[PDB]
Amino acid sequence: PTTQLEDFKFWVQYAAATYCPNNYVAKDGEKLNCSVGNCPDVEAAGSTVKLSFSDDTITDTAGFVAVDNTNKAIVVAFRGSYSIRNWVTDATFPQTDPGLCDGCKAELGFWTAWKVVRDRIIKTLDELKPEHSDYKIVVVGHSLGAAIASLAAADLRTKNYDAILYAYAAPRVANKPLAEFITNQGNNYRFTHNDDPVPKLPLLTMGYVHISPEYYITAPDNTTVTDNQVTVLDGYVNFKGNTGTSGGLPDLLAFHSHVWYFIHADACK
């Protein structure tokens, strides 16, 4: 027995692991571990880092490529910037051309963050193929890291890496053509939680929409998510679910909802 919900509860632990300072400086061969105890199934699987990355310089991006020999997965996991105020204070989100498809545009900050690490990650994936050949490729993040993961998965797929995307609490990354492009790639699991303000940014009026579908989590904070607390909603814009909460506004006081996606996602700091 393996259910979609159990799957969702697992991969978020790799997103959680990207917040741990020891994991995104880890040497090749080092076991992933989360000192606060929020990635127990990752530790149980014995997953090790292949390559870690930490950007001090530009994007404040961190993460790793890890190998899970238990579940036969290569995991590409991203942490974005922790400062939400720094992300929104300019109140501007310019787009850029990622070179993926006709008329497609992506959020400049997130696309840049991916570009900075893309070549290391592709090189690492190539090195791993021979002894891991039948492994699935999982691309995962939470919060701003989930935005980077969304674009990373989109790009990796055009390069023939069959990437399965788990984007927990993701901001919008794409204009309408790019959202349609990514949606049509399939293997997209994008999550929202109650009134979390972050998936409502950047705004619809800024020319962004979402990858479809939305996996809308209605469980309370710090509770296990059950099967009737996840609702699947189709469309690049859907006002049932997270986008319709708080009258459509990104409520600052709803931020508590951002950190609970099946688990306390950022608890490792």
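A residue's number is simply how far along the shown sequence it sits, counting from 1.
Stretches compared: 199-207, 59-67. Higher mean C-alpha B-factor in the entry: 59-67. Stretches compared: 107-115, 143-151. Higher mean C-alpha B-factor in the entry: 107-115. Remark: of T89, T192, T124, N175, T124 shows the highest value [criterion: C-alpha B-factor in the PDB entry].
Ranking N228, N222, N242, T48 by the C-alpha B-factor listed in the PDB entry places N228 at the top.
The entry lists a Cα temperature factor for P171 that places it in the lowest third of the chain's modelled residues. In this PDB entry, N38 carries a Cα temperature factor that places it within the middle third of its chain's modelled residues. The PDB entry assigns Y161 a C-alpha temperature factor belonging to the highest third of its chain's modelled residues. In the deposited entry, the Cα temperature factor of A17 places it in the middle third of its chain's modelled residues. Looking at the C-alpha B-factors along this chain, the one for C101 belongs to the highest third.
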